[PDB]
Amino acid sequence: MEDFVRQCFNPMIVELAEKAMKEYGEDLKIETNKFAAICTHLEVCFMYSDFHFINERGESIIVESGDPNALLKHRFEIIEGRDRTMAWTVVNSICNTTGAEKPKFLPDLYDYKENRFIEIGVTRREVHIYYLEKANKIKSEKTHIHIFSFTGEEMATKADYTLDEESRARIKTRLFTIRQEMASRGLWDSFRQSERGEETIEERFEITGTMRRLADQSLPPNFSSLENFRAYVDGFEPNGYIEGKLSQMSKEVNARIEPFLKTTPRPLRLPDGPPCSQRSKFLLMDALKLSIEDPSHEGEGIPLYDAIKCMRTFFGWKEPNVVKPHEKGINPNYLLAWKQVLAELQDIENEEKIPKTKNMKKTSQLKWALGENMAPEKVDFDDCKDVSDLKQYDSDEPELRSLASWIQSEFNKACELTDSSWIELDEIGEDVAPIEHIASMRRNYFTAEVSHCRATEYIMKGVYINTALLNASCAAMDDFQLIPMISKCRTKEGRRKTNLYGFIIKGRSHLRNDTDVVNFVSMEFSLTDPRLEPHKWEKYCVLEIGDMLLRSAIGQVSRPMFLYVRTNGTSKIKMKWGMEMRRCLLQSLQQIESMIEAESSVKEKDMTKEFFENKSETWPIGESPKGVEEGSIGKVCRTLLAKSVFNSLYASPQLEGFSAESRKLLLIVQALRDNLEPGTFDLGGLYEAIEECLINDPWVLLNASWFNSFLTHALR
Amino acid sequence: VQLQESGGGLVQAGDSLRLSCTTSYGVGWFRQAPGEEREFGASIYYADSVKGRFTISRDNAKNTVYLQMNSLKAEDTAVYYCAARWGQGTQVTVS
Amino acid sequence: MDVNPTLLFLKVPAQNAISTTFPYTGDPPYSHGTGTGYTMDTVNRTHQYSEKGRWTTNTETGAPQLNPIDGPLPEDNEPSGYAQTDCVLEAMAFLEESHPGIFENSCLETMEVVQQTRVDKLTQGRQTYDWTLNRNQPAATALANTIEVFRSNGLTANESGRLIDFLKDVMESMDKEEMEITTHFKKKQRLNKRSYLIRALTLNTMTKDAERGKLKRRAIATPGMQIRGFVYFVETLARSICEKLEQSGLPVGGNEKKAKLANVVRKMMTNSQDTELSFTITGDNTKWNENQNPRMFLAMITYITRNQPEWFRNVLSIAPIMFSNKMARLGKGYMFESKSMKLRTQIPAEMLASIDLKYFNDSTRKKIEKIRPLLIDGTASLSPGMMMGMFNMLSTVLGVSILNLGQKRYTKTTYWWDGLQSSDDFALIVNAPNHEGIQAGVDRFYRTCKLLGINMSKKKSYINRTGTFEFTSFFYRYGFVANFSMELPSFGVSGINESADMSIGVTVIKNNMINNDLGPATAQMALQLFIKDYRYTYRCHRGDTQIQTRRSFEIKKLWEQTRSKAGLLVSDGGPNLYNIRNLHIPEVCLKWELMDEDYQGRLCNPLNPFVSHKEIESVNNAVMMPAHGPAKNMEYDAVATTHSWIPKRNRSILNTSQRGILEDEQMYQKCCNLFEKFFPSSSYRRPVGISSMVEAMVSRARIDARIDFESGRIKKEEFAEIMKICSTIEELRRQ
Amino acid sequence: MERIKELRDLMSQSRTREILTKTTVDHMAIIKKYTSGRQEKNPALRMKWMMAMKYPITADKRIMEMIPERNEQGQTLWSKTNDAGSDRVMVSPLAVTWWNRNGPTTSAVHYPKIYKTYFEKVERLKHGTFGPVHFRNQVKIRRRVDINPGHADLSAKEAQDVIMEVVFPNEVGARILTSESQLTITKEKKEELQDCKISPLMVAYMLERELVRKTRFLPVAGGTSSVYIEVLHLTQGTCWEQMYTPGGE
RNA sequence: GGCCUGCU
RNA sequence: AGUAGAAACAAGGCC
């Protein structure tokens, strides 16, 4: 039958009908009479629509061939011959522009004169039944319907026929051409009734070929095919198989509970080796401040001018000389770098306006100090294979180092009060609710407690230094840059003040990965002689740069004044995390506020004021040789703030591992102290897990010592 | 933790002496000469000036730390204090 | 006096101050170089936990595979992957018996979803291993490349737009003699059957960074695109199953987890009378993923899909069949340094099979020596067990089956147990009349776990009396206690854009106040610090200050120009009006009534060249990877302002041979923008159909010109011009 | 006119012609998401790192013809170098602030009508009345509650057709909404937003947010009302309760 | 010396 | 040298 559509109809219509065939997903080889019927429907749609044009009037202009002009409007514009999505697109667009009613089924054409749709259907059966059939299929329709049938008859409601009658003679001539051409073909044994509305399909997902063999190799050891295994599974029913293997399984497979008593836990062993060194990016306990007493705010001002003005406030400069060498570098380079920094600072002082940011010369001194041109050149393996020295990067456990007493004192003095306010908080919306007033009062109390704390000063120092370093690295990637360490505080009298700890020289910072390292050299003034705790300054070079006179009742001290100079490095991640050190304030004060709220849930009243003023209640916050010492809530605030600050400063994988594996043991010990009969399956394994995190970090070793002290004081 | 030292006194040069410290933990023995501050002696490790001569030991059942000094020198002459991690000290005088 | 914070625990219980034990204020550990060492170590460890299995050689991939299932029962407490098929089938049968109709229903909804799912659902995924280039690429890019290759090779069933048809094409590709791929350096290369099989069965290994809570780094894996559809269907089934199990806690959030934990502890302890003792085990499973054999997941799913259409069973079984034969790419490689000659070199991992061992240290030398037998075409066969939690939900199903297997109806003894399982972590409440009963119950639970290939970490687990325990960093002490140290890293600027960062910060403060019991004063301090950091990050200072920045001049002139300066946004250098009462209001709407009409109009102008919206999914959704958890998405309330710009892209593609991808990106985006202008609903609802672009665009041009004349700007001259231009593009597409 | 003209210009060049011809409508989404740009793992780090560069943001090409290349002192506002995989050009953040002080102005009176949810929140809070804070232990129990206070009793899919018919009336397709509640919602949001020119996508997104019901599990103590849950952070705490009555009541 | 890139 | 820690950075590539 398909030979007929090969022969007669034009290409355009046959591929339109083929795409309509693909539309609903049925195959053309099984039933083709539908293809012919609907392609004839589509053909009558065209032949009825084309050759029919309109101009600004009604009364369509009919031309056998559209002449070249702007007057190519089509009388009837076709609906079908398009995908369902576009057919409904045209339906909705016509409804929204023509203000007509939206039909629920697919029309075939639209006309302007009568501003409505045409649903053309030419069926094998006579018209006077198919018409009202499709009419009762369509609900309350104003779209006019018109149908032909092979006998040659026409019909329509309203007795309406919308265009010329010679066109309809055309239609029925086409119709009988179709008819008495099948006459030569002979199809009416099924042509009248060949489609009955079949819609059914079964989804087929068959495993075959290579993928089947893979299925045959992904079974238990004693199975040969997926078919057999699935049959076995379907036939499988529970018949007490877990019990049999449990009985047969060796009894050494057990989870015996070892009781956890007061005498069970042993102190954590600390590693032994050379004392632990300093790792901070700046001096914490041995910092010195040169000040100007200016009225500018933290960010307000220009760095270089402030630094120069602060440094001019000090008199007593001496020619620098080596006091304590780096022990691994070239100290003369550090000396020359310091003198170069001074010289270029003067050079800025001379000229017209202090630059906002200064670049330094790339001398051999800072070329060595900043580690320039030291990365091995990257080459290909095929060119370097016979080199005996060629091997992997050194990948082994870090060097072992024992704890020293300097970190303990540094933390002790990091929780001490100061003679300045190191936090100038921002603005918030004016409090409107009583709860907001309570929150503001609490916040004011904590700010009064923590602002005068060395932890806040360290927070500001780190934030400013890391912000400046990151910005300089991102801006001046190539050229070495000078950045004075600046921090602005407020005195007890209320006068604002600036403080200059020293200088940082940032080097080449072409940082691609988050782990890539930018090297800088840090110089900081101090008065602490490095000849008393040399092991804490393994990586520092310390010079003697001047003498300071601070008013004291013992005449006047006239102390020496040294310069701690070192080469340090950071990374994008480290800079970003060090510039978010202000969340240590959060951590600490959230803990304290949780304490206050928990206690106030007992007594139905806010308990902040008496906690902060009466200072009756105290918490164990340290141990003295006499015994455990307790301090007021403010001291707890400062201690927790210092702990968070040191966590942010000495952060490392060792800290995370020890924190987790020691929190586990802390929970076990707490369960013991709560009389909850705690038990363990392998306590030695937990101990070994904790002890492997303690390698060389001073902070984690101090935490381990604190944990041992807590165990000793606990378990009683 | 209260601590009491015993076993000090006047001794000959090249003589011997067993200090003992009763307690109420790691322990240490430290000394103080008349003209000076504290000097490390032993812990339970010994200092350079006393190594080989002196031996530190403890009985955890008796709650006592001992310091067995031998082959004494006139430069051992000090108050020997016991410490837990301080005693009043026991006078040792070598001559 | 020496300060010691830990002594604070002598007065404050450990859980009431547990936040102090979370050093989440410093930089988390990161990996620096290759992850090849970790990948090799994981492969060797997975293969040696199942050493007593049986060896075979796949006839298709030619790789050695180790099957430990039904192997000898363990005789020691060391990890073991010798799961027994009959035991696990019985466990699943008991799970079904205790929950009748679970499998049949879940299979019904899964069948609905599979037969109505679309291909585009695969684009909604993070990095995936594209085999066309042998590298990780965004899910959409890899899917597009694979579809292009399939269409070039003759597999065009995916044009039906159905994920099931895409999987049919994927499987049909397995039986092809020779496929063709494209490489740029374009060159057409031919892949034989075995090479393509291994490229479709392989995984890409990387090192996990920003992982807090352990000293050592780990390795993670990413699968290809051929196997992700089957994984999607299997995980859909597993999620539908677990949603019907109250003992599971994987498909829920954190608060639901806490609620279920409280309910189970109350149920276990309350029902227990005075005579019965109760004990809670806070258990962690050692080597959870390395001991889960994909064959056992195949067994579980084929038991689940019993009495179901065979096509459903086949499509759900394809995934574990491929995992059982999965291969893993070793990784980036190894970098060597020579200090004598002062140079460095980078050898790819694919050379580990043949490269001499003189360059490697003892540990790496032994690892390579042990893993070499499993190396096939630069990748190692990893049949014995899963790599990194790809089947999280099925593992949770197995754990829930174990938990339910002790409902006192199967224990047949006075003791019994229950609890909650979330993959790699569990809380087990066991009750028994005496300590001997508790010991026997825990011993039998451990033994049954060892029969299913699941191991309990004795070093990271402990048992106490009920009332105090831990679960996924949630510490329960007669009621869950807030931590607030897990969410600390999320208190900074997110890094999306100005308005997005502001809204996300305020919303995070609000949420942590609601859930994590953040205090009022602490919340105010957090708001102040966040505002400070926000102003210092975006160079948007109050405007009345003299802080010179790269943006302080325009901000200051805008400040001096504005009359009601209280309406200026913090992004434009205005005062901050936020407070505890205003944390749930966008900044634009909070300052709407205070803004000057000129500034208000300039700010919220639709014609601004900065705002760009791509799809309904990416309107106000921000992907923030939370600390100690999987990547998560958040809805943030924000008004589309001129500050909603999107930041610069990487721009490093210009120096790579894969430079033509940018031209293809630009052309695809131009075509997509044209289509959207032709089809405005393209973004909100993704268009569907089987026609091509130009057909729809030209035909809609026809119709829209028509109707927009029937009322609108068009004129006959223009309408006819459009009609004949449509004809022109038609004849152009003809040729 | 224009649209078909850039269509013809695209089809003029062979590569785009092939892309338009061979690519089917269904693959629309795929190729639209086809990109070499990886999703950032650490957005904060790079946002703090990119903002230190010059020209850190991106904007459409049209910015080159509305904003001058430099400001009064000569600080550059935009660059002509396009982004990696787009025709957009990289520009400095000042071009934002500049647009807010001398850029074109419009009538933003209809934004309150569009962003109905946020402005309703503001109005509800502005007329709220606070009360005394009572300090007592709060038994926070976890419950499933609806957060959206303006949901019109419609699901996502249920209101998606409404949203399309309100914004994209022609792409609705087969669906014609039956429920009369949807009829009235369509009428109201059609006549209200008849000429709003913000964007079809944002209008659809905000209509989805407003009409679609959404639910989440939260620890609550009292309240349980939709209006009382949006301020759950302000009314309920660990040991304090703040009586509050939104402006709606 | 000149120019390109900074998660590809 | 320095940062850092089971492998890396201490710029890369292209002419």
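Residues numbered from 1 in each chain as written, not as in the entry; some residues may be left out. Chains lettered and ligands numbered in written order. Heavy atoms only, no water.

Its PDB header attributes the entry to cryo-EM and lists the resolution as 4.48 Å.

**Q** Sorry, what's going on with the overall build of chain A here?
**A** Secondary structure assignment for chain A yields 23 helices and 20 strands. For chain A, the C-alpha radius of gyration of 45 Å lies well beyond 27 Å, the compact-globule estimate for 716 residues. The principal-axis extents of the C-alpha atoms in chain A amount to approximately 130 × 90 × 80 Å. Evaluated residue by residue, chain A yields a buried proportion of 53% over its 716 residues. Contacts in chain A between residues at least 24 apart in sequence constitute 70% of all its contacts with a sequence separation of at least 6. Taken as a whole, chain A presents about 32,700 Å² of accessible surface, with 52% of it coming from carbon and sulfur. The centroid of the 95 positive side-chain charges in chain A is displaced by 4 Å from the centroid of its 114 negative side-chain charges. (Helix = DSSP H or I, 4+ residues; strand = E, 2+ residues; numbered from the N terminus. Rg over C-alpha atoms; globule rule 2.2 N^0.38 Å. Buried < 20%, exposed > 50% of the residue type's maximum accessible area, 1.4 Å probe, protein only. Contact = heavy atoms within 4.5 Å. Areas by Shrake-Rupley, 256 points an atom, 1.4 Å probe, with all protein chains shown as cover. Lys, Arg positive; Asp, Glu negative; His and termini not counted. Charge placed at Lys NZ, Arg CZ, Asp CG, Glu CD.)

**Q** Hey, could you run me through the protein's contact with RNA strand F in this one?
**A** Near RNA strand F you find 37 residues, and of these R279, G371, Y393 and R566 of chain A together with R344 of chain C are the closest. Across the atoms of RNA strand F situated within 4 Å of the protein, the share located in sugar and phosphate is 63%. Measuring from a base nitrogen of RNA strand F, one finds a backbone N or O atom of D394 of chain A at 3.2 Å. At 2.9 Å, a backbone N or O of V517 of chain A approaches a sugar or linking oxygen of RNA strand F. Those elements that provide at least two residues to the surface near RNA strand F are β15 (517-526) and β17 (559-571) of chain A. The element best represented in the surface near RNA strand F is β17 of chain A, accounting for four residues. Its residues placed into classes, the surface near RNA strand F shows 10 nonpolar, 13 polar and 14 charged. (Near = heavy atom within 4 Å. Polar contact = N/O pair within 3.5 Å; in protein donor to acceptor, adjacent residues only side chain to side chain. Nonpolar A, V, L, I, M, F, W, Y, C, P; charged D, E, K, R; others polar.)

**Q** Would you explain the sheet that holds strand β1 (residues 57-59) of chain D in this entry?
**A** Either a parallel or an antiparallel arrangement is found when strands of a sheet pair, and the pairing is made through backbone hydrogen bonds. All names here are of chain D. Spatially, the three strands line up as an open sheet ordered β1-β3-β2, and their pairing is antiparallel. With partners counted over all chains shown, the strands left at the sheet margins are β1 and β2 (78-82), one partner each. Between one strand axis and the next, the sheet turns by 40° as a mean value, whatever way the strands run. As paired elements, β2 and strand β3 (residues 89-91) share two bridges and run antiparallel to each other. (Pairing = 2+ DSSP bridges. Axes fitted to C-alpha atoms, helices over the stretch in contact; angles between N-to-C directions.)

**Q** Mind showing me how you'd approach the UniProt feature "binding site: Mn(2+) 2" in chain A here?
**A** Residues and elements named next belong to chain A. UniProt marks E80 and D108 with the feature "binding site: Mn(2+) 2", using the numbering shown here. Over a stretch of 29 residues, the named residues converge on one spot in the fold, their C-alpha atoms separated by at most 5.3 Å. Residue placement: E80 occurs in the loop between β1 (76-78) and α4 (84-98). Its relative accessible area of 25% is what places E80 among the partly exposed residues. In contact with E80, not counting residues within four places along its chain, are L42, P107 and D108. Beyond its immediate sequence surroundings of up to four residues, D108 is in contact with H41, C45, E77, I78, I79, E80, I118, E119, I120 and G121. (UniProt positions renumbered as here; feature names shortened; annotations may be inferred.)

**Q** Would you mind going over the protein's contact with RNA strand E with me for this structure?
**A** RNA strand E sits among 17 residues. The nearest are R512 of chain A, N650 of chain C together with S36, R38 and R46 of chain D. Protein-adjacent atoms of RNA strand E, using a 4 Å cutoff, are sugar or phosphate at a proportion of 59%. In this structure, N655 of chain C approaches RNA strand E through a side-chain N or O atom, which is 3.0 Å from a sugar or linking oxygen. A distance of 2.7 Å separates a sugar or linking oxygen of RNA strand E from a polar side-chain atom of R38 of chain D.

**Q** So what exactly am I meant to see when it comes to the UniProt feature "binding site: Mn(2+) 1" in chain A here?
**A** Residue and element names in this part refer to chain A. Cross-referencing UniProt, the feature "binding site: Mn(2+) 1" maps to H41, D108, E119 and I120 in the present numbering. The named residues occupy 80 residues along the chain; their greatest pairwise C-alpha distance, 10.4 Å, places them in one compact cluster. On the secondary structure map, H41 appears in helix α3 (residues 33-49). If we ignore the near neighbours within four places in the chain, the residues touching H41 are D108 and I120. Mapped onto the fold, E119 is located in strand β3 (residues 116-120). Excluding anything up to four places from it in sequence, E119 contacts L106, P107, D108, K134, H144, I145 and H146. One polar contact links the side chain of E119 to the main-chain amide nitrogen of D108, over a distance of 3.3 Å.

**Q** Honestly, the sheet that holds β3 of chain A in this entry has me stumped. Any pointers?
**A** All names here are of chain A. Taken in spatial order, the five strands make up an open sheet running β1-β2-β3-β4-β5, and their pairing is mixed. At either margin of the open sheet sits one strand with a lone partner, and together these are β1 and β5 (154-156). Taking the axes of each pair of neighbouring strands and ignoring which way they run, one obtains an average angle of 25° across the sheet. As judged from the three bridges shared by strand β4 (residues 144-148) and β5, these two strands associate in the antiparallel manner. Counted as the bridge partner of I147 is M155 from β5. Taken strand by strand, helix α5 (residues 127-137) contacts β3, β4 and β5, and its axis lies near 150° from that of β4.

**Q** What is the right way to read the arrangement of the chains from this model?
**A** Ranking by contact count across four pairs of chains in contact places chains A and C at the top. Chain B makes no contact with chain C; the smallest distance between any of their C-alpha atoms is 12 Å. What separates chain B from chain D at the closest point of their C-alpha atoms is a distance of 41 Å, and the two make no contact.

**Q** Teacher, can you tell me more about unusual backbone geometry here?
**A** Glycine aside, the phi torsion of most residues is negative, and most peptide linkages are trans. Non-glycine residue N115 of chain A carries a positive phi angle of around 50°. Along the chain, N115 of chain A turns up in the loop between β2 (109-111) and β3. The backbone phi angle of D517 of chain C is positive, close to 55°, even though this residue is not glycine. The residue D517 of chain C is located in the loop between α14 (498-514) and α15 (520-538) in this model. With a relative accessible area of 28%, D517 of chain C lands in the partly exposed category.

**Q** When you look at the interface of chain C and chain A in this model, what are you seeing that I'm missing?
**A** As a measure of interface size, the accessible area lost when the parts come together is often cited. At the interface, 182 residues of chain C touch 175 residues of chain A. Buried area between chain C and chain A, summed over both chains or domains, comes out near 16,900 Å², and the portion from carbon and sulfur atoms is 61%. Across the contact surface, chain C and chain A share 17 salt bridges. A salt bridge links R535 of chain C to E427 of chain A, with the shortest nitrogen-to-oxygen separation between them at 3.0 Å. (Buried area = accessible area lost by both parts, 1.4 Å probe. Salt bridge = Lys/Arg side-chain N within 4 Å of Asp/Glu carboxyl O.)

**Q** Honestly, the interface of chain A and chain D in this entry has me stumped. Any pointers?
**A** Of the residues lining the interface, 31 residues belong to chain A; the matching set on chain D comes to 26 residues. Together, the buried faces of chain A and chain D total about 2,500 Å²; carbon and sulfur atoms form 65% of this surface. On the surface where chain A and chain D come into contact, there are two salt bridges. Across the pair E580 of chain A and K48 of chain D runs a salt bridge, and its minimum N-O distance is 2.5 Å. Along the lines of polarity and charge, the residues of the side of chain A that touches chain D split into 12 nonpolar, nine polar and 10 charged.

**Q** Just checking my understanding: could you explain empty space enclosed by the protein for this structure?
**A** Take a probe with the size of a water molecule and roll it over the atoms, and the empty space left behind shows itself. Residues and elements named next belong to chain A. Considered as a void within the structure, the largest cavity measures approximately 190 Å³ in volume. Lining the largest cavity are 15 residues, with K281, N466, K574, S648 and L649 positioned closest to its centre. Mapped by element, the contributors of at least two residues to the lining of the largest cavity are α16 (454-475), α17 (572-578) and α20 (633-649). When residues of the lining of the largest cavity are assigned to their parent elements, the largest contribution, four residues, is made by α17. (1 Å grid on protein atoms, 1.4 Å probe; cavity = no way out; pocket = protein on both sides within 12 Å on 5 of 7 lines; lining within 4 Å. Points joined across faces, edges and corners; volume = space filled by probe spheres on them.)

**Q** For this particular structure, what's the right way to read the pattern of salt bridges?
**A** This model, assessed by the stated rule, comprises 116 salt bridges over all chains. Close ionic contact of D286 of chain A with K536 of chain A constitutes a salt bridge, the shortest N to O distance being 3.6 Å. Placement of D286 of chain A in the loop between β6 (258-259) and β7 (290-291) and of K536 of chain A in the loop between β15 and β16 (540-548) is noted, with a sequence separation of 250 residues between them. For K536 of chain A, a relative accessible area of 4% puts it in the buried group. The shortest N-O distance in the salt bridge between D146 of chain D and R213 of chain D comes to 2.6 Å. Placement of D146 of chain D in strand β5 (residues 141-146) and of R213 of chain D in the loop between α10 (200-211) and β6 (215-220) is noted, with a sequence separation of 67 residues between them.

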